[PDB]
>>> print(open('work_16.cif').read())   # mmCIF, C-alpha atoms and all ligand atoms
data_query
#
loop_
_atom_site.label_atom_id
_atom_site.label_comp_id
_atom_site.auth_asym_id
_atom_site.auth_seq_id
_atom_site.Cartn_x
_atom_site.Cartn_y
_atom_site.Cartn_z
CA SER A 8 111.36 111.19 129.27
CA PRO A 9 111.40 108.11 131.53
CA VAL A 10 108.42 105.75 131.69
CA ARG A 11 106.91 105.94 135.19
CA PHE A 12 105.69 102.81 136.95
CA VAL A 13 104.03 102.00 140.29
CA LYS A 14 104.23 98.85 142.40
CA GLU A 15 100.68 98.07 143.60
CA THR A 16 102.13 95.80 146.31
CA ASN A 17 105.65 95.01 147.58
CA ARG A 18 105.31 91.63 145.81
CA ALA A 19 105.93 93.31 142.45
CA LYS A 20 109.39 93.22 140.90
CA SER A 21 110.56 96.23 138.88
CA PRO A 22 110.87 95.22 135.20
CA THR A 23 114.49 94.53 134.26
CA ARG A 24 116.70 95.04 131.19
CA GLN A 25 119.86 92.94 130.86
CA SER A 26 121.52 94.14 127.63
CA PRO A 27 121.51 97.15 125.24
CA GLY A 28 120.26 94.84 122.46
CA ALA A 29 117.36 93.15 124.28
CA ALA A 30 113.95 93.78 122.66
CA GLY A 31 112.16 94.28 125.95
CA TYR A 32 111.91 94.35 129.71
CA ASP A 33 111.40 91.28 131.90
CA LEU A 34 108.03 90.91 133.61
CA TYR A 35 107.62 88.88 136.79
CA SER A 36 104.73 87.17 138.53
CA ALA A 37 103.65 88.81 141.79
CA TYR A 38 101.76 85.66 142.89
CA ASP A 39 101.74 81.84 142.94
CA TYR A 40 99.69 80.13 140.23
CA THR A 41 99.21 76.65 138.78
CA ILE A 42 98.03 76.23 135.19
CA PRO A 43 96.61 72.87 134.02
CA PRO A 44 97.29 71.66 130.44
CA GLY A 45 94.89 73.21 127.91
CA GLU A 46 94.04 76.08 130.27
CA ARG A 47 95.08 79.72 130.59
CA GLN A 48 95.60 82.08 133.54
CA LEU A 49 95.87 85.84 133.99
CA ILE A 50 99.11 86.46 135.90
CA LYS A 51 99.22 89.73 137.87
CA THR A 52 102.51 91.65 137.90
CA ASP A 53 101.26 94.31 140.37
CA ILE A 54 102.96 96.81 138.03
CA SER A 55 101.13 99.76 136.49
CA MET A 56 102.84 102.27 134.18
CA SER A 57 102.41 105.41 132.07
CA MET A 58 103.20 104.15 128.56
CA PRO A 59 105.12 106.43 126.15
CA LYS A 60 103.29 108.36 123.40
CA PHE A 61 102.59 106.69 120.01
CA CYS A 62 103.46 103.33 121.50
CA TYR A 63 101.90 100.25 123.01
CA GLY A 64 103.52 97.69 125.29
CA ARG A 65 103.38 94.22 123.77
CA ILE A 66 103.39 91.37 126.28
CA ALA A 67 105.72 89.10 124.33
CA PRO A 68 106.86 85.50 124.91
CA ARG A 69 110.20 84.38 126.31
CA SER A 70 111.58 81.77 123.90
CA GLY A 71 112.34 79.27 126.71
CA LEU A 72 108.72 79.21 127.85
CA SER A 73 107.44 79.09 124.26
CA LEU A 74 109.55 75.95 123.69
CA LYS A 75 107.80 74.46 126.75
CA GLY A 76 104.39 75.09 125.13
CA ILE A 77 103.63 78.26 127.10
CA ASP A 78 102.12 80.93 124.85
CA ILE A 79 100.84 84.50 125.45
CA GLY A 80 97.16 85.47 125.15
CA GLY A 81 95.98 89.06 124.60
CA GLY A 82 99.02 91.19 125.38
CA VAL A 83 98.17 94.70 124.16
CA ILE A 84 98.98 97.35 126.78
CA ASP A 85 97.68 100.65 125.40
CA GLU A 86 99.08 104.05 126.43
CA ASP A 87 95.76 104.86 128.18
CA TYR A 88 96.06 101.89 130.59
CA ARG A 89 96.77 102.73 134.23
CA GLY A 90 95.80 99.39 135.78
CA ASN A 91 97.62 96.23 136.86
CA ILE A 92 99.53 94.76 133.89
CA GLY A 93 98.39 91.13 133.55
CA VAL A 94 100.10 88.40 131.53
CA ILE A 95 97.79 85.79 130.00
CA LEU A 96 99.84 82.59 130.11
CA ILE A 97 98.37 79.78 128.00
CA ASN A 98 99.49 76.28 128.93
CA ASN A 99 99.58 74.47 125.59
CA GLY A 100 101.99 71.92 127.07
CA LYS A 101 101.01 68.46 128.34
CA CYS A 102 101.75 68.88 132.06
CA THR A 103 100.74 71.34 134.79
CA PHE A 104 102.78 74.54 134.54
CA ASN A 105 103.71 76.16 137.85
CA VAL A 106 104.24 79.88 138.32
CA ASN A 107 106.00 81.00 141.50
CA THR A 108 106.20 84.56 142.86
CA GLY A 109 109.20 86.25 141.23
CA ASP A 110 109.27 83.97 138.17
CA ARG A 111 110.08 85.59 134.83
CA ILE A 112 106.92 85.13 132.73
CA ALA A 113 107.18 87.42 129.68
CA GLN A 114 108.92 90.42 128.14
CA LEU A 115 107.37 93.85 127.61
CA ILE A 116 108.26 95.46 124.29
CA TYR A 117 107.58 99.15 123.65
CA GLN A 118 106.38 99.01 120.07
CA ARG A 119 106.22 102.15 117.95
CA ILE A 120 102.86 102.79 116.31
CA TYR A 121 100.83 105.26 114.25
CA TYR A 122 97.40 106.75 114.97
CA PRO A 123 96.00 107.82 111.57
CA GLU A 124 92.64 109.48 111.15
CA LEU A 125 90.37 107.15 109.18
CA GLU A 126 88.35 108.49 106.27
CA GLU A 127 85.68 106.49 104.47
CA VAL A 128 85.88 106.84 100.68
CA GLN A 129 83.85 105.45 97.76
CA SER A 130 86.79 103.57 96.20
CA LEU A 131 90.55 103.26 96.79
CA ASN B 7 99.87 112.84 109.16
CA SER B 8 97.43 112.36 106.24
CA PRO B 9 94.30 110.17 106.66
CA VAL B 10 94.12 106.43 105.98
CA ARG B 11 91.34 105.91 103.45
CA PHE B 12 89.04 102.90 103.73
CA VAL B 13 86.10 101.36 101.87
CA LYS B 14 83.00 99.58 103.16
CA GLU B 15 82.59 96.82 100.58
CA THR B 16 79.04 96.10 101.73
CA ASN B 17 76.49 97.87 103.94
CA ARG B 18 77.34 95.30 106.65
CA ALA B 19 80.79 96.75 107.29
CA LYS B 20 81.30 98.91 110.38
CA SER B 21 83.85 101.73 110.31
CA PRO B 22 86.90 100.82 112.43
CA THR B 23 86.80 102.84 115.63
CA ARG B 24 89.26 104.32 118.13
CA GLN B 25 88.20 103.11 121.60
CA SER B 26 90.03 105.99 123.34
CA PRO B 27 92.64 108.64 122.31
CA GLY B 28 95.49 106.45 123.64
CA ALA B 29 94.17 103.09 122.42
CA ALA B 30 96.70 100.94 120.54
CA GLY B 31 94.66 100.79 117.34
CA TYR B 32 91.34 100.40 115.58
CA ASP B 33 88.54 98.02 116.44
CA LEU B 34 87.30 95.64 113.78
CA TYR B 35 83.79 94.20 113.64
CA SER B 36 82.30 91.08 112.09
CA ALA B 37 80.22 91.74 108.99
CA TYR B 38 78.56 88.28 109.20
CA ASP B 39 77.17 85.67 111.58
CA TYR B 40 79.39 82.72 112.53
CA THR B 41 79.53 79.80 114.95
CA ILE B 42 83.00 78.48 115.85
CA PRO B 43 83.18 75.00 117.43
CA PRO B 44 85.81 74.32 120.14
CA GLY B 45 89.23 73.47 118.67
CA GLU B 46 88.35 75.11 115.35
CA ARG B 47 89.18 78.43 113.68
CA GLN B 48 87.26 80.71 111.33
CA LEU B 49 88.13 83.49 108.89
CA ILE B 50 85.81 86.34 109.87
CA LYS B 51 85.10 88.90 107.13
CA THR B 52 84.98 92.61 108.02
CA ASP B 53 84.06 93.81 104.51
CA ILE B 54 86.59 96.62 105.08
CA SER B 55 89.45 97.40 102.71
CA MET B 56 92.04 100.13 103.28
CA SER B 57 94.84 102.03 101.59
CA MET B 58 97.40 101.14 104.25
CA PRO B 59 99.96 103.73 105.49
CA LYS B 60 103.58 103.59 104.28
CA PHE B 61 106.30 101.87 106.35
CA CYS B 62 103.72 100.14 108.55
CA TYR B 63 101.75 96.95 108.63
CA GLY B 64 98.39 96.35 110.25
CA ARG B 65 98.62 93.83 113.06
CA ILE B 66 95.33 92.08 113.82
CA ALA B 67 95.67 91.99 117.60
CA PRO B 68 93.47 90.35 120.26
CA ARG B 69 91.11 92.02 122.68
CA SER B 70 91.74 90.57 126.14
CA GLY B 71 88.04 89.89 126.85
CA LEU B 72 87.95 87.38 124.00
CA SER B 73 91.42 86.03 124.89
CA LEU B 74 90.24 85.21 128.42
CA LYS B 75 87.35 83.23 126.90
CA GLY B 76 89.97 81.22 124.97
CA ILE B 77 89.63 83.11 121.67
CA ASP B 78 93.00 83.73 119.99
CA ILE B 79 94.12 85.41 116.75
CA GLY B 80 95.66 83.48 113.85
CA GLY B 81 97.70 85.06 111.04
CA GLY B 82 97.14 88.80 111.43
CA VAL B 83 99.68 90.45 109.10
CA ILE B 84 98.03 93.10 106.91
CA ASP B 85 100.61 94.18 104.36
CA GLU B 86 101.02 97.83 103.31
CA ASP B 87 100.10 96.92 99.72
CA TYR B 88 97.03 94.83 100.60
CA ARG B 89 93.92 96.19 98.90
CA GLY B 90 91.57 93.27 99.58
CA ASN B 91 89.04 92.79 102.35
CA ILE B 92 90.50 92.49 105.84
CA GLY B 93 89.89 89.12 107.49
CA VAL B 94 90.27 88.17 111.14
CA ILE B 95 91.21 84.57 111.93
CA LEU B 96 89.47 83.77 115.23
CA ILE B 97 90.73 80.60 116.92
CA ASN B 98 88.35 79.01 119.43
CA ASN B 99 90.69 77.48 122.00
CA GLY B 100 87.86 77.49 124.58
CA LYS B 101 85.75 74.50 125.65
CA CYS B 102 82.43 75.67 124.18
CA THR B 103 81.08 76.93 120.85
CA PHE B 104 81.83 80.61 120.29
CA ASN B 105 79.23 82.73 118.52
CA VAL B 106 80.08 85.75 116.38
CA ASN B 107 77.19 88.08 115.55
CA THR B 108 77.19 90.73 112.81
CA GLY B 109 78.50 93.93 114.42
CA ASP B 110 80.47 92.19 117.19
CA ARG B 111 83.90 93.63 117.98
CA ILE B 112 86.42 90.86 117.17
CA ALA B 113 89.94 92.38 117.16
CA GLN B 114 91.97 95.58 117.17
CA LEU B 115 94.03 96.63 114.15
CA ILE B 116 97.31 98.26 115.17
CA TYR B 117 99.36 100.27 112.65
CA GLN B 118 102.83 99.07 113.59
CA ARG B 119 105.85 101.05 112.34
CA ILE B 120 108.42 98.94 110.47
CA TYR B 121 111.73 99.08 108.59
CA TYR B 122 112.52 97.77 105.08
CA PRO B 123 116.31 97.33 105.13
CA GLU B 124 118.35 96.06 102.22
CA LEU B 125 119.83 92.66 103.01
CA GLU B 126 123.43 91.82 102.14
CA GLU B 127 125.02 88.37 102.44
CA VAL B 128 128.41 88.26 104.16
CA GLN B 129 130.90 85.50 105.04
CA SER B 130 131.16 86.67 108.66
CA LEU B 131 129.08 89.06 110.80
CA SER C 8 122.95 100.64 106.49
CA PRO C 9 121.96 97.20 105.11
CA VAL C 10 121.33 94.25 107.42
CA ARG C 11 124.21 91.81 107.00
CA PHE C 12 123.31 88.11 107.10
CA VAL C 13 125.28 84.85 107.02
CA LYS C 14 124.25 81.48 105.59
CA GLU C 15 125.35 78.88 108.16
CA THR C 16 125.04 76.14 105.52
CA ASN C 17 124.24 75.97 101.79
CA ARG C 18 120.74 74.76 102.75
CA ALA C 19 119.91 78.33 103.81
CA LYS C 20 117.89 80.62 101.54
CA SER C 21 118.25 84.41 101.54
CA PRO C 22 115.23 86.21 103.06
CA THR C 23 113.39 88.26 100.42
CA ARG C 24 110.30 90.50 100.35
CA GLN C 25 107.54 89.29 97.98
CA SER C 26 106.61 92.84 96.90
CA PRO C 27 107.63 96.47 97.62
CA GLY C 28 104.64 96.70 100.00
CA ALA C 29 105.21 93.41 101.83
CA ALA C 30 105.53 93.71 105.63
CA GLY C 31 107.99 90.85 105.99
CA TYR C 32 110.99 88.99 104.61
CA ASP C 33 110.32 85.34 103.70
CA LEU C 34 111.89 82.75 105.99
CA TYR C 35 112.53 79.20 104.79
CA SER C 36 113.22 75.89 106.49
CA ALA C 37 116.79 74.65 106.06
CA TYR C 38 115.78 71.06 106.96
CA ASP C 39 113.00 68.46 106.82
CA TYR C 40 110.61 68.35 109.79
CA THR C 41 107.48 66.48 110.83
CA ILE C 42 105.16 68.05 113.42
CA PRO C 43 102.43 65.98 115.13
CA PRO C 44 99.04 67.64 115.79
CA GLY C 45 99.06 69.53 119.11
CA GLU C 46 102.86 69.77 119.08
CA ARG C 47 105.48 72.32 118.03
CA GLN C 48 108.96 72.30 116.49
CA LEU C 49 111.89 74.71 116.39
CA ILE C 50 112.70 75.06 112.67
CA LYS C 51 116.25 76.19 111.80
CA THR C 52 116.62 78.67 108.93
CA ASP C 53 120.45 78.53 109.02
CA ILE C 54 120.37 82.34 108.69
CA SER C 55 122.10 84.63 111.19
CA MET C 56 121.74 88.44 111.14
CA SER C 57 123.35 91.63 112.35
CA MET C 58 120.01 93.10 113.38
CA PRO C 59 119.19 96.82 112.85
CA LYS C 60 119.19 99.34 115.72
CA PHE C 61 116.03 100.19 117.71
CA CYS C 62 114.25 97.23 116.17
CA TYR C 63 113.43 93.61 116.81
CA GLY C 64 112.66 90.96 114.20
CA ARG C 65 109.22 89.45 114.69
CA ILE C 66 108.78 85.92 113.36
CA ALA C 67 105.29 86.40 111.94
CA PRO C 68 102.84 83.91 110.40
CA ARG C 69 102.05 83.45 106.71
CA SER C 70 98.26 83.62 106.27
CA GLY C 71 97.97 80.37 104.26
CA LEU C 72 99.64 78.33 107.00
CA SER C 73 97.57 80.08 109.68
CA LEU C 74 94.33 79.11 107.90
CA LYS C 75 95.59 75.50 107.93
CA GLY C 76 96.05 75.64 111.72
CA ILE C 77 99.80 76.34 111.80
CA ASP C 78 100.70 79.06 114.32
CA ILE C 79 103.92 80.77 115.46
CA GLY C 80 105.42 80.38 118.94
CA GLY C 81 107.99 82.70 120.54
CA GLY C 82 109.25 84.84 117.66
CA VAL C 83 111.19 87.69 119.29
CA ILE C 84 114.55 88.12 117.53
CA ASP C 85 116.43 90.60 119.72
CA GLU C 86 118.71 93.26 118.26
CA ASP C 87 121.70 91.53 119.92
CA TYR C 88 120.94 88.05 118.51
CA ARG C 89 123.73 86.77 116.26
CA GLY C 90 122.68 83.11 116.24
CA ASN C 91 120.76 80.81 113.90
CA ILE C 92 117.24 82.26 113.53
CA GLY C 93 114.68 79.64 114.54
CA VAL C 94 110.98 79.51 113.72
CA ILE C 95 108.69 77.84 116.27
CA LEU C 96 105.92 76.31 114.18
CA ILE C 97 102.95 75.07 116.21
CA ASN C 98 100.74 72.47 114.58
CA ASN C 99 97.22 73.28 115.74
CA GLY C 100 95.76 71.41 112.76
CA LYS C 101 94.24 67.93 113.01
CA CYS C 102 96.76 66.10 110.80
CA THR C 103 100.53 65.56 110.80
CA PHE C 104 102.28 68.59 109.27
CA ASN C 105 105.20 68.10 106.88
CA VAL C 106 108.02 70.64 106.44
CA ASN C 107 110.35 70.14 103.47
CA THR C 108 113.79 71.75 103.13
CA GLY C 109 113.27 75.05 101.29
CA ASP C 110 109.60 75.54 102.31
CA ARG C 111 108.39 79.07 103.13
CA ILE C 112 107.46 78.84 106.83
CA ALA C 113 107.14 82.41 108.16
CA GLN C 114 108.07 86.04 107.57
CA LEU C 115 110.47 88.31 109.43
CA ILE C 116 109.17 91.80 110.19
CA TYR C 117 111.62 94.48 111.30
CA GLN C 118 109.52 96.12 114.00
CA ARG C 119 110.46 99.58 115.29
CA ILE C 120 110.71 99.89 119.08
CA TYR C 121 111.69 102.21 121.93
CA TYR C 122 114.06 101.52 124.81
CA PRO C 123 112.77 103.94 127.44
CA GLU C 124 114.16 104.52 130.91
CA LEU C 125 112.01 103.22 133.75
CA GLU C 126 111.40 105.25 136.90
CA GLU C 127 109.48 104.00 139.94
CA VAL C 128 107.03 106.52 141.43
CA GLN C 129 104.37 106.66 144.17
CA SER C 130 101.67 107.75 141.70
CA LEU C 131 101.25 107.87 137.91
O1 LIG D 201 97.08 90.77 128.11
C1 LIG D 201 96.64 91.85 128.51
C2 LIG D 201 95.82 92.62 127.69
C3 LIG D 201 95.33 93.84 128.18
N1 LIG D 201 95.66 94.28 129.44
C4 LIG D 201 95.12 95.57 129.94
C5 LIG D 201 95.32 96.73 128.96
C6 LIG D 201 93.92 97.14 128.55
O2 LIG D 201 93.74 98.54 128.59
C7 LIG D 201 93.00 96.46 129.54
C8 LIG D 201 91.74 95.91 128.89
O3 LIG D 201 92.09 95.05 127.83
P1 LIG D 201 91.10 94.82 126.59
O4 LIG D 201 89.96 93.93 127.03
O5 LIG D 201 90.52 96.14 126.13
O6 LIG D 201 91.86 94.19 125.49
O7 LIG D 201 93.73 95.42 130.16
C9 LIG D 201 96.47 93.50 130.25
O8 LIG D 201 96.77 93.86 131.39
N2 LIG D 201 96.96 92.29 129.78
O1 LIG D 202 94.80 87.35 109.22
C1 LIG D 202 94.94 87.82 108.09
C2 LIG D 202 96.11 87.58 107.37
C3 LIG D 202 96.24 88.12 106.09
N1 LIG D 202 95.23 88.87 105.53
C4 LIG D 202 95.39 89.46 104.18
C5 LIG D 202 96.27 90.70 104.33
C6 LIG D 202 97.61 90.28 103.77
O2 LIG D 202 98.28 91.34 103.12
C7 LIG D 202 97.25 89.18 102.79
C8 LIG D 202 98.35 88.13 102.71
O3 LIG D 202 97.98 87.21 101.72
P1 LIG D 202 99.01 86.06 101.27
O4 LIG D 202 100.27 86.70 100.74
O5 LIG D 202 99.34 85.21 102.48
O6 LIG D 202 98.36 85.23 100.23
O7 LIG D 202 96.06 88.59 103.27
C9 LIG D 202 94.07 89.11 106.25
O8 LIG D 202 93.16 89.79 105.78
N2 LIG D 202 93.93 88.58 107.53
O1 LIG D 203 111.14 82.06 118.02
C1 LIG D 203 112.28 82.38 118.32
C2 LIG D 203 112.51 83.05 119.51
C3 LIG D 203 113.82 83.41 119.84
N1 LIG D 203 114.86 83.11 118.99
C4 LIG D 203 116.24 83.51 119.33
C5 LIG D 203 116.37 85.03 119.28
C6 LIG D 203 116.50 85.44 120.74
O2 LIG D 203 117.43 86.48 120.92
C7 LIG D 203 116.95 84.18 121.45
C8 LIG D 203 116.27 84.07 122.80
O3 LIG D 203 117.11 83.36 123.67
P1 LIG D 203 116.84 83.41 125.25
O4 LIG D 203 117.33 84.74 125.78
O5 LIG D 203 115.38 83.28 125.51
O6 LIG D 203 117.58 82.28 125.92
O7 LIG D 203 116.58 83.08 120.64
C9 LIG D 203 114.62 82.45 117.80
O8 LIG D 203 115.56 82.18 117.04
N2 LIG D 203 113.34 82.08 117.47
CL CL D 204 103.80 92.60 117.19
#
>>> encode(input="work_16.cif", output="structure tokens")
Amino acid sequence: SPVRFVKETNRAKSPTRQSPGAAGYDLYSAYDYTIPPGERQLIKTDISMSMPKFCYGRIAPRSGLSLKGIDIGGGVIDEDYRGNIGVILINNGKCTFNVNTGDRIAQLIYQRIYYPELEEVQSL
Amino acid sequence: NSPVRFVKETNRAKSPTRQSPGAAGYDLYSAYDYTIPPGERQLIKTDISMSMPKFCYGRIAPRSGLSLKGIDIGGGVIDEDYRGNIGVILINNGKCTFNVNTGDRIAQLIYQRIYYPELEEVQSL
Amino acid sequence: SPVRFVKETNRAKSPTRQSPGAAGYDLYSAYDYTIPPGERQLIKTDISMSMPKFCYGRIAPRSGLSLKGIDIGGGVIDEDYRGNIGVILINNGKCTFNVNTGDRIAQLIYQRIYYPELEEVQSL
């Protein structure tokens, strides 16, 4: 079944997929931000979605931004989350990093996971 | 399908918990008291060992509350065959000292499904 | 079917798993590098791969290097990537970090993923 998503405002851009072999789906900033060196900023996408079962969405770095010193903080979108997906951009570069509305900021990867029951034992 | 067995190596260990039925993984807690200066990192002991599930690894993943305070996760690959005590590398990239108290939630362990292909060298792909 | 790989030069080393229960395949530097503190470097492995289906390769940290302050930037090797696999090593230690040709620098994890359809809705 398809993954449903909602645009909170008209400023949101629907996540995009360019090729059959891409790991993920492009995420875009819904707002203008400026991030000083050595600081981080939560970037709102204005996109909420119903994640697939036995999966989480990993907010993953674009390589081009990573080479510029821009890293991703947090980034775990659980299947229970119905809120605004936020990208924590960390400016580990030396200059101010500017984020404009519509800028590609990360890629969302639907990562397959397991939910085992945990059982405490005396020894393994 | 079958349960993942785990051991509390001391009485200070807290059983990893599911936050909600659709949470990504299992919350880990500090078994000891630490102070992490700004621009430093610390291996935080959980005193938890597990018999990890097959064809997965445990990713030590950040909780966003800590990430927004500048606390990031180093390392974080828990191999399927690892039988030792699980450690969480907390990196204080914030401006102030970060305090970790015994029992504090520090990360979420995600059982990520993986593939072990055979690798074969070729002249051309 | 096995993952086919090519050595771009004879400086490349074949990725291997340490043990039958290891999450990742060892990646090695094909060249010498020097990384200043608070900087990063794209490290060439000189290995290219025909990546497996419904997977991406995550460039993941080795714990020893992580404890020394060396972190991984970027790290998403898409299914469709047929180029030289690069490792972005970030030196978050306090001293200059030396990379010698042949050094183990990271691990590649073949992470299982989904490529779902996306559908915009009014409400989740
Ligand atoms: O980088 C992130 C990390 C998390 N979340 C969402 C998903 C979670 O359900 C919620 C709370 O995150 P935690 O504090 O529980 O990690 O925020 C984001 O939007 N961006
Ligand atoms: O953040 C980490 C990283 C690794 N390990 C443990 C689990 C791994 O299987 C093992 C890897 O050890 P080395 O092979 O790097 O020595 O260490 C942790 O507890 N926490
Ligand atoms: O750490 C990294 C991140 C990416 N890549 C490769 C694989 C990706 O498919 C490609 C990304 O290229 P762009 O689409 O971002 O230009 O680069 C690496 O070799 N190492
Ligand atoms: Cl991951």
>>> closest_residue(input="work_16.cif", among="C:56, C:19, C:37, C:106", to="chain B", atoms="all atoms listed in the file")
C:56
>>> residues_near_ligand(input="work_16.cif", ligand="ligand CL 204 (chain D)", cutoff="9 Å", atoms="only C-alpha atoms and all ligand atoms", output="list in words")
residues 65, 67, 116 and 118 of chain A; 65, 67, 116 and 118 of chain B; 65, 67, 116 and 118 of chain C
>>> write_last_selection(input="work_16.cif", atoms="C-alpha atoms", output="compact mmCIF listing (two decimals), in the coordinates of the input")
# COMPACT_ATOMS: atom_id res chain seq x y z
CA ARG A 65 103.38 94.22 123.77
CA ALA A 67 105.72 89.10 124.33
CA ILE A 116 108.26 95.46 124.29
CA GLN A 118 106.38 99.01 120.07
CA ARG B 65 98.62 93.83 113.06
CA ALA B 67 95.67 91.99 117.60
CA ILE B 116 97.31 98.26 115.17
CA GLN B 118 102.83 99.07 113.59
CA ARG C 65 109.22 89.45 114.69
CA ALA C 67 105.29 86.40 111.94
CA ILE C 116 109.17 91.80 110.19
CA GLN C 118 109.52 96.12 114.00
>>> residues_near_ligand(input="work_16.cif", ligand="ligand LIG 201 (chain D)", cutoff="9 Å", atoms="all atoms listed in the file", output="PyMOL selection string")
(chain A and resi 49-52+55+65-66+79-96) or (chain B and resi 25+29-30+68-74+113-114)
>>> write_last_selection(input="work_16.cif", atoms="C-alpha atoms", output="compact mmCIF listing (two decimals), in the frame of the given file")
# COMPACT_ATOMS: atom_id res chain seq x y z
CA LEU A 49 95.87 85.84 133.99
CA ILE A 50 99.11 86.46 135.90
CA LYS A 51 99.22 89.73 137.87
CA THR A 52 102.51 91.65 137.90
CA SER A 55 101.13 99.76 136.49
CA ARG A 65 103.38 94.22 123.77
CA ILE A 66 103.39 91.37 126.28
CA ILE A 79 100.84 84.50 125.45
CA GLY A 80 97.16 85.47 125.15
CA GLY A 81 95.98 89.06 124.60
CA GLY A 82 99.02 91.19 125.38
CA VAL A 83 98.17 94.70 124.16
CA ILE A 84 98.98 97.35 126.78
CA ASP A 85 97.68 100.65 125.40
CA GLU A 86 99.08 104.05 126.43
CA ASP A 87 95.76 104.86 128.18
CA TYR A 88 96.06 101.89 130.59
CA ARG A 89 96.77 102.73 134.23
CA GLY A 90 95.80 99.39 135.78
CA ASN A 91 97.62 96.23 136.86
CA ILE A 92 99.53 94.76 133.89
CA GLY A 93 98.39 91.13 133.55
CA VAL A 94 100.10 88.40 131.53
CA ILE A 95 97.79 85.79 130.00
CA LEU A 96 99.84 82.59 130.11
CA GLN B 25 88.20 103.11 121.60
CA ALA B 29 94.17 103.09 122.42
CA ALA B 30 96.70 100.94 120.54
CA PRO B 68 93.47 90.35 120.26
CA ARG B 69 91.11 92.02 122.68
CA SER B 70 91.74 90.57 126.14
CA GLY B 71 88.04 89.89 126.85
CA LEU B 72 87.95 87.38 124.00
CA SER B 73 91.42 86.03 124.89
CA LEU B 74 90.24 85.21 128.42
CA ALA B 113 89.94 92.38 117.16
CA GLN B 114 91.97 95.58 117.17
>>> closest_residue(input="work_16.cif", among="A:25, A:57, A:107, A:70", to="chain B", atoms="only C-alpha atoms")
A:57
>>> closest_residue(input="work_16.cif", among="C:130, C:114, C:21, C:73", to="ligand LIG 203 (chain D)", atoms="only C-alpha atoms and all ligand atoms")
C:114
